[PDB]
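Here's the structure we're looking at; comments come further down.
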Amino acid sequence: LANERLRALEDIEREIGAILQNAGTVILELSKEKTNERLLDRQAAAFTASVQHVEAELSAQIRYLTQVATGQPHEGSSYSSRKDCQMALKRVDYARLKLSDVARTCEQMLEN
Amino acid sequence: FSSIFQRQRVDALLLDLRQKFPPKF
Amino acid sequence: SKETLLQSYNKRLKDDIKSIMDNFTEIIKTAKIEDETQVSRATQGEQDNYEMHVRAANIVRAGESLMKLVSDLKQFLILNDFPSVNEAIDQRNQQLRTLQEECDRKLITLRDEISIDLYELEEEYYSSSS
Amino acid sequence: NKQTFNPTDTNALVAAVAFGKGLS
Amino acid sequence: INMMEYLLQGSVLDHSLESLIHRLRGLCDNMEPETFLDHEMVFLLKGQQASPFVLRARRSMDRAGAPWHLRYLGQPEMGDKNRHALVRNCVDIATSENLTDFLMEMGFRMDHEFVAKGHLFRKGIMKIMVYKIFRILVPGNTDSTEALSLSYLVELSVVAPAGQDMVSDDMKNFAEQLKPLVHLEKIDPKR
Amino acid sequence: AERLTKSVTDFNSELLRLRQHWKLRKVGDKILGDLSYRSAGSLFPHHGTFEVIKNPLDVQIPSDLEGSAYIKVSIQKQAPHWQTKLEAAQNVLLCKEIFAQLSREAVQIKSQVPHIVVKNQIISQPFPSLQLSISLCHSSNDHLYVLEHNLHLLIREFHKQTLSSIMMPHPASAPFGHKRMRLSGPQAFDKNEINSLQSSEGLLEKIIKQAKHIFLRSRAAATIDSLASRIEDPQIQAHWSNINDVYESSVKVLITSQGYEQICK
Amino acid sequence: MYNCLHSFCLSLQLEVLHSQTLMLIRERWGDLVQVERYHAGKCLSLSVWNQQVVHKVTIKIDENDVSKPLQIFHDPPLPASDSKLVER
């Protein structure tokens with residue numbers, strides 16, 4: 001169930017790279033000489049189309065999760081059956097203290 | 001730099017008390 | 001209704017799309033050069049800078065609004081899904097039933113072994129003349 | 001975007017078992 | 001009294017079906033898929049009635065104890081009592097293997113067939129079933145069959161006694177949970 | 001630009017637990033969840049709709065489901081944290097209906113040698129020389145445990161006919177019902193077989209029958225212990241079946257002479 | 001000023017008792033025994049062992065005599081002088 005949180009992390013942690021894309025665009029822009037004008041133009045075009053695939057990711061995330069909107073019953077009592085070992089266990093502990101008292105009653109006839 | 005959801009009959013017979021003991025100045 | 005909420009989310013998504021483009025367009029629209037006709041240009045450049053400052057902060061707050069409005073639907077999507085909802089409910093059932101049967105086998109072995117000890121004690125008492 | 005349902009195919013299915021066509 | 005039905009039709013491809021069953025275990029109680037398989041056989045009586053006494057008999061080979069069940073359904077109804085479901089006249093009785101040999105006496109014969117295999121789920125009075133229909137070639141055997149369609153032919157049935165109207169509200173409201181997934185309709189048996 | 005990079009590098013992590021461990025629901029602007037056994041098959045007109053407030057976080061269970069209450073029987077010869085909290089409230093929620101049904105069964109049904117209730121005390125006199133107390137020990141924070149431990153399974157299997165799949169048969173022509181009553185149509189059952197399959201038995205009659213079984217086994221043990229202590233002359237041997245029924249048992253009693261038991265068979 | 005808190009708290013006691021009655025009535029009966037008369041903070045009558053399965057008890061208070069709690073006088077029954085039971 002961690003796929004959609006991974007998609008949300010893809011939406012979020014891309015934005016740091018978007019900040020670096022804008023920074024690499026503007027620093028190459030303010031340079032007087034730009035041999036790599038293609039790098040600048042592809043940085044600008046990548047920033048333009050990459051916010052768009054972030055929008056596409058958001059649309060896919062909401063469309064994959066659109067038509068499953070209803071209530072959900074947590075059916076069955078698994079904890080009720082789980083606790084059904086514990087009173088047997090405390091009955092075993094009752095038998096343990098019973099046999100411990102058996103041993104303690106066995107104790108005093110040894111000395112006398 | 002709430003209600004007990006019995007206040008309605010509590011207040012109703014308290015209302016009966018207000019028409020018998022009203023506030024007095 | 002539900003369709004009204006869907007249309008509201010769609011409208012705010014399209015408003016989020018519009019706001020970013022409206023912020024980027026006016027930054028470069030005001031950067032054009034025009035000839036002066038009785039202007040006294042000493043006051044226009046600081047005006048353009050002071051209007052550029054708020055327009056870039058508009059992009060910053062648009063990104064913040066995107067971050068908040070994504071988290072707005074994050075809690076909306078998390079409450080009604082089906083990736084493993086009908087699957088993870090029964091995976092705890094047989095897992096605990098295996099432990100239930102393991103403990104059943106353990107108590108059966110303990111009961112049998114104990115009963116053997118009880119009968120052994122009984123016939124030990126019967127070994128004495130009593 | 002995909003036609004998972006097909007009304008023409010559904011109308012053909014509801015009529016194919018109605019009487020004897022497409023069996024010989 | 002004589003009971004009646006409510007039928008909703010449709011056809012859904014199997015690749016998109018896997019999400020739909022996720023809703024079926026998400027709103028109903030703790031039932032599991034069944035994948036029942038039946039043999040179906042069409043018969044008819046050529047009596048003095050204008051419409052022949054045509055009926056469809058089922059028999060589940062996979063489950064023991066379920067005998068031959070005949071279903072005699074009536075003509076389509078254009079009444080204003082129910083505008084979104086099929087209103088039919090039906091009498092439903094289960095009898096043993098003395099059905100098929102007895103039906104040879106009045107000339108009940110080979111009309112057609114369709115083999116049903118699939119899932120069925122219920123919630124109160126509504127029964128939604130999603131099944132594959134299989135067509136036979138050389139109808140003497142039952143092994144030389146094939147898929148009559150690729151899209152799953154999905155049906156929804158609600159049984160009611162004589163009368164007991166005002167039911168289109170609850171079925172529509174329960175289908176509004178599934179309207180983006182399925183579009184049920186009241187189609188005529190003809191054309 | 002740098003303000004938002006450090007602002008994004010746990011809220012939804014715990015939010016994925018309550019969907020899986022319990023039942024989740026959303027209404028208005030607040031996230032809530034029920035506590036009743038409607039999902040587990042309990043027809044009780046009550047909703048345990050606790051809410052969740054983001055803070056960590058916290059769950060808030062409403063009133064009437066607080067404290068600790070259990071059931072105690074006694075024979076007498078006299079004239080994480082949220083996971084723990086939700087089930088702790090659910091125990092008292094179930095004990096609400098437990099003693100409600102137990103109290104109403106004593107009064108609403110006429111019985112041989114009837115019993116009494118005061119507020120939470122079923123004082124029963126089954127035998128002229130025997131009487132037992134059943135108490136809703138409502139602590140709002142001498143005894144035999146087997147009866148109520150079994151009664152938990154009695155109500156759990158009483159949830160099963162509201163939860164199992166016997167009443168959903170396979171055929172489309174058979175919507176609901178039992179397999180024996182479906183057989184009874186074509187293959188008509190005998191008059192014994194018609195009324196043998198139906199069974200509408202109250203819980204308290206089964207409880208007092210189990211109590212009578214335990215008391216009669218104890219009385220037989222008292223008789224055989226009197227026989228053992230009083231008479232040690234030939235020898236005494238008592239043996240019990242390792243497998244037993246809820247009502248009837250089978251035991252072996254041997255009184256055979258001291259020296260030549262292998263001959264007198 | 002004693003006499004006003006005399007009046008009102010006794011009425012408040014009557015408030016409590018009148019509330020206590022109606023919350024008991026709704027629930028714990030198996031309906032075999034019912035209620036005959038009941039007043040707004042004044043009095044109450046019930047019936048037990050009725051004609052279809054007759055005997056009545058009327059619970060009243062006075063509008064004076066603060067020394068005494070809500071009265072319990074036998075109606076049709078009028079039991080004999082019990083050295084415990086009437087005293088209880």
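Values quoted throughout were computed directly from the atomic coordinates according to the rules given, and no laboratory measurement underlies them. Neighbour counts run over all protein chains shown; Cβ positions are idealised from the backbone, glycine included.
If I model a spin label as a point 7 Å beyond the Cα along the Cα-Cβ vector, how far apart are those points for G:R28 and F:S241 in nm?
Each label point lies 7 Å from its Cα, and together they span 4.5 nm.
Kindly give Rg over Rh for chain F, based on alpha-carbon atoms, with the Kirkwood expression for the hydrodynamic radius.
Working: Rg = 27.7 Å, Rh = 24.5 Å.
The Rg/Rh ratio comes out at 1.13.
If the only charges are +1 at each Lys and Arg Cβ and -1 at each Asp and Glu Cβ, what is the size of the charge dipole of segment E:3-177 around the Cα centre, to the nearest 20 debye?
Numbers: 19 positive and 24 negative charges, 32 e Å.
For this selection, approximately 160 debye.
Restricting attention to segment A:37-76, which trypsin sites (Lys or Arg not before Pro) occupy a DSSP loop and are surrounded by at most 15 other Cβ atoms within 10 Å?
On the way: sites: A:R38, A:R42, A:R63; in loops: none.
Answer in residue order: no site qualifies.
Give the Debye-formula value of log10 I(q)/I(0) at each listed q (0.09, 0.11 Å⁻¹), with one equal scatterer per alpha carbon of the protein assembly as shown, two decimals each.
So the normalised log intensities are -1.22, -1.38.
If you average 1/r over all unlike Cα pairs in chain C and invert the result, what Kirkwood radius do you get in angstrom? Let's see the in-between values first.
Details: mean 1/r = 0.0428 Å⁻¹.
It works out to 23.4 Å.
Out of the chymotrypsin sites (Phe, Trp or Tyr not before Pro) in segment F:189-263, which ones are loop residues according to DSSP with at most 15 other C-beta atoms within 10 Å? Intermediate results must be reported in sequence, preceding the final value.
Details: sites: F:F189, F:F215, F:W240, F:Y247, F:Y260; in loops: F:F189, F:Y247, F:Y260.
Here the chymotrypsin sites (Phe, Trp or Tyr not before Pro) that fit, given the DSSP loop and packing criteria, are F:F189, F:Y247, F:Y260.
Which GluC sites (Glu not before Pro) in segment F:205-265 sit in a loop by DSSP (not H, G, I, E or B) and have at most 14 other Cβ atoms within 10 Å of their own Cβ? Don't jump to the answer; show the numbers that get you there.
On the way: sites: F:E205, F:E232, F:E248, F:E261; in loops: F:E232, F:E248, F:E261.
When the GluC sites (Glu not before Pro) of segment F:205-265 are filtered for loop state and at most 14 Cβ neighbours within 10 Å, F:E232, F:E248, F:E261 remain.
Determine, from the Cβ-Cβ distance of D:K2 and A:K34 and an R0 of 56 Å, the FRET efficiency 1/(1 + (r/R0)^6), rounded to the nearest 0.05. Show your work: numbers first, answer last.
Working: r = 46 Å, r/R0 = 0.83.
Taking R0 as 56 Å, the efficiency between D:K2 and A:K34 is 0.75.
Per residue of C:63-69, count partner chain C-beta atoms within 10 Å of its C-beta, then hand back the mean as an integer. Display every interim value, and only then the final one.
Details: counts 7, 3, 0, 6, 6, 0, 1.
Counting other chains' Cβ atoms within 10 Å and averaging over C:63-69 gives 3.
Per residue of A:83-91, count partner chain C-beta atoms within 10 Å of its C-beta, then hand back the mean as an integer.
Numbers: counts 3, 7, 8, 0, 5, 5, 2, 1, 4.
That works out to 4 on average.
Evaluate the Kirkwood expression for the hydrodynamic radius of segment F:81-180, namely the inverse of the mean inverse distance over all pairs of different C-alpha atoms, and round to one decimal in Å.
Working: mean 1/r = 0.0586 Å⁻¹.
Its Kirkwood hydrodynamic radius stands at 17.1 Å.
Show which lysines lie in cross-link reach of E:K46 when reach means a straight Cα distance below 25 angstrom and same-chain residues fewer than eight apart are skipped.
Within reach: D:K21, E:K190.
Over the Cα atoms of segment E:3-177, what is the Rg over Rh ratio if Rh follows Kirkwood? Show your work: numbers first, answer last.
Numbers: Rg = 17.6 Å, Rh = 18.2 Å.
Ratio value, two decimals: 0.97.
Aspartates and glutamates near C:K29 by alpha-carbon distance under 15 Å, same-chain residues fewer than 8 away left out - which ones?
C:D48, C:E51
Apply 1/(1 + (r/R0)^6) to the Cβ-Cβ distance of F:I231 and F:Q76, taking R0 = 35 Å, and write down the FRET efficiency to the nearest 0.05.
Calculated transfer efficiency: 0.65.
Checking the cross-link filter: which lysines have an alpha carbon closer than 27 Å to that of G:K56, excluding same-chain neighbours under 8 positions apart?
Cα-Cα hits under 27 Å: F:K110, F:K119, G:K42, G:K68, G:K84.
Could you tell me whether chain G comes out rounded, prolate or oblate from its Cα gyration tensor? Rule is a ≥ b ≥ c as square roots of the eigenvalues, rounded for a/c under 1.5, then prolate if a/b exceeds b/c, otherwise oblate.
oblate
Taking each residue of E:64-72 in turn, how many C-beta atoms of other protein chains fall within 10 Å of its C-beta, and what is the average?
Partner Cβ neighbours, averaged per residue: 3.
Going by the alpha-carbon gyration tensor, a ≥ b ≥ c the square roots of its eigenvalues, is chain A rounded (a/c under 1.5) or, if a/c is not under 1.5, prolate (a/b greater than b/c) versus oblate? Don't jump to the answer; show the numbers that get you there.
Values: a/c = 11.69, a/b = 3.02, b/c = 3.87.
In terms of gyration-tensor shape, oblate.
Take F:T49 and C:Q7, extend 7 Å from each Cα along the Cα→Cβ direction, and tell me the distance between the two endpoints in nm.
Distance between label points: 2.7 nm.
Between D:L23 and F:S164, take the C-beta separation as r, use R0 = 45 Å, and let me know the FRET efficiency to the nearest 0.05. Can you show the working numbers first?
Numbers: r = 43 Å, r/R0 = 0.96.
Efficiency at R0 = 45 Å is approximately 0.55.
Once you list every other residue whose beta carbon is under 10 Å from the beta carbon of F:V8, what net charge do they have if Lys and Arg are +1 and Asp and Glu are -1?
On the way: positive: F:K6; negative: A:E13, A:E15.
Every neighbour counted, the sum reads -1.
Take the alpha carbon atoms of segment C:61-130, find their center, do the same for segment G:1-66, and report the distance between the two centers in whole angstrom.
Value for the Cα centre distance between the two parts: 54 Å.
Checking the a/c ratio against 1.5 first, then a/b against b/c, what shape does the Cα gyration tensor give for segment F:157-246? Walk me through the intermediate numbers first.
On the way: a/c = 3.72, a/b = 2.97, b/c = 1.25.
Taking the square roots of the gyration eigenvalues as a ≥ b ≥ c, segment F:157-246 is prolate.
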